[PDB]
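Here's the structure, in structure tokens; my notes come after.
Protein chains: 2
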Amino acid sequence: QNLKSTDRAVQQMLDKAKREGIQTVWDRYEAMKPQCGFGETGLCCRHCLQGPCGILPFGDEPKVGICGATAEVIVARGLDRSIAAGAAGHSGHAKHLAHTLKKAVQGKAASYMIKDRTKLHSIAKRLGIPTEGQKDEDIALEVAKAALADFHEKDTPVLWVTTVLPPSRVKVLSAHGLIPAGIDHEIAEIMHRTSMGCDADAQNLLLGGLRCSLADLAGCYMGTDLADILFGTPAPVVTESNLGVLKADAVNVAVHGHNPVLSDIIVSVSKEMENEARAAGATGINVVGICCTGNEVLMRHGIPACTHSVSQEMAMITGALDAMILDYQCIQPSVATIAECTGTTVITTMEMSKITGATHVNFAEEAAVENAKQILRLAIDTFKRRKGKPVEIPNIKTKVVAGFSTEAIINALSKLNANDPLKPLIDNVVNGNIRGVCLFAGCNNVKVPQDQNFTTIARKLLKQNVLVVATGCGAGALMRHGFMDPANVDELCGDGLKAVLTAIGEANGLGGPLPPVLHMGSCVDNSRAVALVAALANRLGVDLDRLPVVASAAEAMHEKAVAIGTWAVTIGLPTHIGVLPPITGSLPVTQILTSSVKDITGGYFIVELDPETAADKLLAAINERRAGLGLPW
Amino acid sequence: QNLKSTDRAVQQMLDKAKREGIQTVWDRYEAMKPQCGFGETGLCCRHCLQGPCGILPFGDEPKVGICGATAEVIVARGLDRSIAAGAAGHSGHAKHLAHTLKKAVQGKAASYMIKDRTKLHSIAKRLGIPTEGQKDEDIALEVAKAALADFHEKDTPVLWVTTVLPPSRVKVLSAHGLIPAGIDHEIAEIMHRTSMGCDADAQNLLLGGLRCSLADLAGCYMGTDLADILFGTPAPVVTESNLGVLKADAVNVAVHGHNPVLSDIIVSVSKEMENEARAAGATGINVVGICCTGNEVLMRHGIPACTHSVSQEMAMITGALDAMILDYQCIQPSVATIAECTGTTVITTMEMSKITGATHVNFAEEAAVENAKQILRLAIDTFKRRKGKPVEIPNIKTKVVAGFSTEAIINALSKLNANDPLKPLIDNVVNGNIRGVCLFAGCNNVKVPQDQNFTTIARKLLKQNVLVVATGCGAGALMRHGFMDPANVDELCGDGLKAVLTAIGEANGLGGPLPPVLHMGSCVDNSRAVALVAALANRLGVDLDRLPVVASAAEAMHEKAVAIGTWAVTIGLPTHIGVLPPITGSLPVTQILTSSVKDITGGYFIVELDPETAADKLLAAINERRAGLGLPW
Ligand SMILES: CC[n+]1ccc(-c2cc[n+](CC)cc2)cc1
Ligand SMILES: CC[n+]1ccc(-c2cc[n+](CC)cc2)cc1
Ligand code: SF4
Ligand code: SF4
Ligand code: FES
Ligand code: FES
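Protein sequence lines, in the order shown, are assigned to chains A and A'. A prime marks a further copy of an entry chain.
Heads up: the first sequence begins at 4 in the authors' numbering, then just goes up one per residue.
Heads up: the second sequence begins at 4 in the authors' numbering, then just goes up one per residue.
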């Protein structure tokens, strides 16, 4: 049972679900085995009606597609479409945020406003939008219009690419034609070139995929920018994680998905419906988070992290989850069925993301408070239906210190050097106190036992003084196993890393160290790491592919994770992926994505499914980057 | 051997290829069997790294995806992505045309110009772009800017949707939220909603797919519009089809792909290099067409149709094909390999479409004549290498009368009624002389013996007085079996259809009838049929779903064909598809796409793999539409 998840509460709820005959994601995975060898090697194509075409990894015919598409062509086309799908997800997230900001500053959504004036000003200056002597709503409208225009061809390339990376990096990517012209333009061109009879050259397809991954990076950066403008830039905050944050005597409302435009309003309206909740016979409206919108409200408001990714269903298995408010992106549709057994009202709110069997509430920024009142009223009804009945909420919760936006990190460092905030960090990088930086990102994969790779690699990296930051469900796993709790620094961190964390934390008025891992936010907030990594780059006069910075999609599952890893490579990072991507069916594509892209961008993928070996490989990558700079290791 | 193709020349070249051990598409198809039952039923998903997930069509587990995605959800997501890929192809085609027009009228491409002033004026009037008292290049620039803007969100919806269908049809599609906001916007939203954890409601996904199919329709209409502005609106023309159009004593240059922006320049520059060809020891530069760019030059310049679709390789099997100029879209990459055995120089010209092993010439409208001179010089070299050596060009060619643009059709009808050109056609529809209209469209599929479905259904429809028009490789098949030759009217057409064709042809100054099938152009020129079908709609005061008009993707292969069939349904047509699409794995999705969409758009798919039964079903659909109007049948 410990082979399905390393989270103890998840094991408890798996026992409960097995008890009651509630089918789980691990059960469905067990029904799916043996899985198909063509697809999970990437050697399968259904790109037209002459298919499906499978190419045996080794042996006799079939060796080539019916139309003549080779193994590498098929592999590259599939990977390109994965990158495009992830880019579409992130880009639509940011597109909805841009629409919300425009509507707010045009007077069409009064529940939304400019909550971070300073970030709006700095973004407008970064884009060349004039701020001085201009109405705040005027420059916000201009910023939203620039964001919307970055989705198509225009006078300029994608500004959320070209103005967020150092100019030398932009030059390197422009010398290879990797700079995107428009986000949706790149997505459509990927869909065009990978369809039948089009592009059939592996190197060409992989370069196009790098461009599409940069479009995804632009989408992530824009989403972070607009969410910070509308809802505020996160600052350090203390909260709790895992299922134990649920309360049998409260109205449990879990916000699940990626777009915060809805759940941020939920967090506010719930406090106003506190009295209504009391009238129902409840202590209050206990709002918890699931997946990335949960991480957004965790970073901005200290909302507890109920659960993440592959184990989302386990929340409903408590029996005390009265509402699950879904927007889109990584909701298992199984919840809609599982609700029937758990007395959970599952509520979709977005037009392009509905699930069969769930109540739908058509969200609109013009009626966000109205929608939220209706939804939480349904949640109150659901609580009323279960008064006095038995629930099993595992009494398991960790302490989580989060809210480490790049702005907050720079400020906390400025406590040690007011005029050159990055200098203390670079100093400790030089003297060995900080070996390097690792970004943990991505989701949980049902094939990898939950949180095993993240915790294992994190332990091996922290004991060697790697400054570890995390986002999304990587942050979720590490926070559910105690890595955002400073009380574990002594157990987890090496001496130099402990000293650096202690120095910053004691300079930041909390008497103790920073938590062993810095939670940088959601899946799109990976852009935050870019913002940090580029900044240090600018401070050191070098390109990212010269920094001892690595990334780890240790348990990657989603197409967005593939796009994120691809643009982590593209901006120049060594990027470990801890699950097998569908590239092993063609040695040329694997060699390009792990070896020869070093000649193109300086980054490269590291495919390794053993977390001990993967941690050693990440350590070696960090140490080679250190050596290239002339640093001991 | 007749089981692989009904084209006699193709059978001859298949015998030659088998003789010499040249692997063919039919051979590769034979290596691919048995094909996978999950994919060709649509019951397979690889939309994230937890897959591949297969759902058995019948029996025990696996019954549901690992994440809980049902059979219908998986089927709808796959079909949605197919529609998006086809839309991306057509839209990128039209996008490149828009860029070429803008560059031409800004002074950046002197080889391109406004060749149809009248079509530019009428398009500008249809869009509300003011023509009166404006420079032709100014309104052309405005038209190109509107075309480019239709690819993203703006003040208005997609104008190439909303201004080309009758306003009642636009109202019907707007009542269901089917009107696209932007072409690339819709494509990206399809990629977003079909990725993991997003949309999981079959009806929702299919409605989104209808919207994306309308985006594809807009792309087709825009491509036709811009190609007509730059290169001219086709008029009737006489030429020849099949391999016999190749000449052993000429420099054989075959233009292959979809975008005419290149091959139209090739057609002109070749005549200027005629003297160079003579110097090489050749009679001239024999330019032939393959697939849809070949059909474009056939409709505009009377360039012979060498071959189409699944049999393209057979051209190289003649041994006398010296050059194959590929842009993109439906080129079998096998040609790049097959060239090594046939002495054929295969030349890619587009950045996003290269093939491993082929010479690449970077095309640019700023250097189109320069590129063309280089490419045809390589072709002359290739001819020089083969002087006096043996070739086998089958002496098989049919007569093809084509160039039937909607403008040309309206003019030919105006010969019978100068002020109400559509009235004679509607008159003969009423009195039974014309039973209905069938649009043949789409490609050849290696599973269906080549051209069998097209010819069979065409015979059964023509003998019952259906006015038959065709595009793309449907036109290619029907023209290679003699359906564009008026000399066959007596053999093919029923008495009333023969009388109508004879009346129009004798009124049009050629003493004989029109050909049994009206060639309306390329794959995007399906929009032409829309232009006709809408026009009659406007003349009759009814919606398309009330017209006795049907469509037939009789041997569909490409994702573009799926998108085309979907928007044929969406605008309200009964639409037969003659190959199995990946929808039969879910009865609900099949029922929606064949039965209940009648309540939504009035059109519906007809899935039938037997061409006799399919022809009967098309006949019955035409007759039901006749009955709804109160007409005998
Ligand atoms: C022959 C087709 N095929 C290729 C690869 C695998 C596979 C790869 C990695 N892992 C995790 C170690 C498991 C399975 C299974 C099947
Ligand atoms: C069980 C999986 N599966 C489903 C359908 C077919 C199939 C369908 C139609 N045709 C043409 C008549 C051939 C095969 C084959 C396999
Ligand atoms: S595009 Fe090629 S490999 Fe893919 S299904 Fe079609 S014929 Fe097979
Ligand atoms: S999205 Fe669902 S059905 Fe598709 S591969 Fe992932 S888990 Fe399987
Ligand atoms: S045959 Fe298994 S993924 Fe296609
Ligand atoms: S298992 Fe055959 S298409 Fe995926």
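Built from N, CA and C at the ideal position, the CB exists for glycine as well.
Alpha carbon to alpha carbon, how far is residue i from residue j?
i          : j          : result
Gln-38/A   : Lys-402/A' : 53 Å
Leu-217/A  : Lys-7/A'   : 45 Å
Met-355/A' : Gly-211/A  : 8 Å
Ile-86/A'  : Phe-486/A  : 45 Å
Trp-29/A   : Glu-243/A  : 26 Å
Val-254/A' : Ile-334/A' : 21 Å
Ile-132/A  : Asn-298/A' : 48 Å
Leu-100/A' : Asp-430/A  : 55 Å
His-259/A  : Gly-360/A  : 17 Å
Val-300/A' : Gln-455/A' : 25 Å
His-261/A  : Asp-330/A  : 7 Å
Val-600/A  : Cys-48/A'  : 29 Å
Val-108/A' : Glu-140/A' : 5 Å
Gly-479/A  : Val-264/A  : 21 Å
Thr-73/A   : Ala-540/A  : 40 Å
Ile-586/A  : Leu-622/A  : 24 Å
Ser-94/A   : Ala-143/A  : 19 Å
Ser-266/A' : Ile-328/A' : 8 Å
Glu-627/A' : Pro-551/A' : 8 Å
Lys-466/A' : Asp-488/A' : 16 Å
Residue i touches chain A at which residues, Cβ-Cβ below 8 Å?
i          : result
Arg-196/A' : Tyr-331, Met-355, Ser-356
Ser-94/A'  : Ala-191, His-195
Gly-211/A' : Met-355
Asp-204/A' : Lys-357, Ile-358, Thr-359
Please list, in chain order, the chain A' residues whose beta carbon lies closer than 7 Å to that of residue i.
i         : result
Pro-65/A  : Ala-34, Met-35
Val-449/A : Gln-53, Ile-69
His-99/A  : Correct list: empty, because the minimum Cβ distance to chain A' is about 10 Å.
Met-317/A : Ordered by position in chain A', no residue passes the 7 Å Cβ test against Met-317/A, which lies about 14 Å from the chain.
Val-76/A  : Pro-336
Determine the chain A residues that contact residue i at a beta-carbon separation under 7 Å, and present them in chain order.
i            : result
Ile-334/A'   : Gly-200
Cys-56/A'    : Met-35
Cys-39/A'    : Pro-55, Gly-57
residue 2/A' : Residue 2/A' is absent from the structure shown; chain A' starts at 4 and stops at 636.
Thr-103/A'   : Residues of chain A passing the Cβ test: none, with the nearest at roughly 14 Å.
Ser-337/A'   : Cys-70, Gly-71
For residue i, go through chain A and note every residue whose CB falls closer than 9 Å to its CB, in chain order.
i         : result
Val-28/A' : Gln-53, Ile-69, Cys-70, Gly-71
Can you round the beta-carbon distance between residue i and residue j to whole angstroms, since I take them to be within the 8 Å contact cut?
i         : j         : result
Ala-564/A : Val-520/A : The pair is not a contact, with the Cβ atoms about 18 Å apart (cut-off 8 Å).
Which residues in chain A' have a C-beta closer than 8 Å to the C-beta of residue i? List them in chain order.
i         : result
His-50/A  : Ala-88, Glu-562
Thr-340/A : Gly-71
Practice problem: Could you please go through the chain and list the residues whose beta-carbon is closer than 6 Å to any non-hydrogen atom of ligand 7? | Solution: Looking for ligand 7 in the displayed structure turns up nothing; the ligands present are ligand 1, ligand 2, ligand 3, ligand 4, ligand 5 and ligand 6.
Quiz prompt | Residues from the stretch 213 to 246 of chain A in contact with chain A', defined by Cβ distance under 7 Å | solution = For the stretch 213 to 246 of chain A, the set of positions with a beta-carbon nearer than 7 Å to some beta-carbon of chain A' is empty.
Practice problem: Run through the stretch 186 to 248 of chain A for me and flag every whole beta strand (DSSP E) of 3 or more residues, listed as ranges in chain order. | Solution: With a minimum length of 3 residues, the continuous beta strand (DSSP E) runs that stay inside the stretch 186 to 248 of chain A are 240 to 244.
Exercise. Please name the residues in the stretch 595 to 626 of chain A whose beta-carbon is closer than 8 Å to at least one beta-carbon of chain A', in chain order.
Key: Per Cβ criterion, the list is empty.
Quiz item: What residues in the stretch 148 to 178 of chain A have a beta carbon less than 9 Å from any beta carbon of chain A'?
Solution: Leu-151, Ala-152, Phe-154, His-155, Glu-156
Exercise. Let me know the beta strand (DSSP E) ranges lying completely inside the stretch 266 to 338 of chain A, each 3 residues or longer, listed in chain order.
Key: 288 to 293, 308 to 310, 326 to 329
Self-check item: beta strand (DSSP E) runs contained entirely in the stretch 487 to 512 of chain A', provided each spans 3 or more residues
Solution: Entirely contained in the stretch 487 to 512 of chain A', not one beta strand (DSSP E) run reaches 3 residues.
Practice problem: Report the residues of the stretch 567 to 590 of chain A with a CB closer than 8 Å to any CB of chain A', ordered along the chain. | Solution: Result list: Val-582, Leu-583, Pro-584, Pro-585.
Quiz item: Which of the residues in the stretch 426 to 453 of chain A, read from start to end, lie with their CB under 9 Å from any CB of chain A'?
Solution: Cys-446, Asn-448, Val-449, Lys-450
Exercise. List in chain order: all unbroken alpha helix (DSSP H) runs of 4+ residues lying wholly within the stretch 407 to 463 of chain A.
Key: 409 to 417, 425 to 433
Practice problem: Starting from the N-terminal side, write out each stretch of the beta strand (DSSP E) that is 3 residues or longer and does not extend beyond the stretch 363 to 409 of chain A. | Solution: 401 to 405
Quiz item: If you measure beta-carbon to beta-carbon, which residues of the stretch 298 to 323 of chain A are closer than 7 Å to chain A'?
Solution: Here the close residues number zero.
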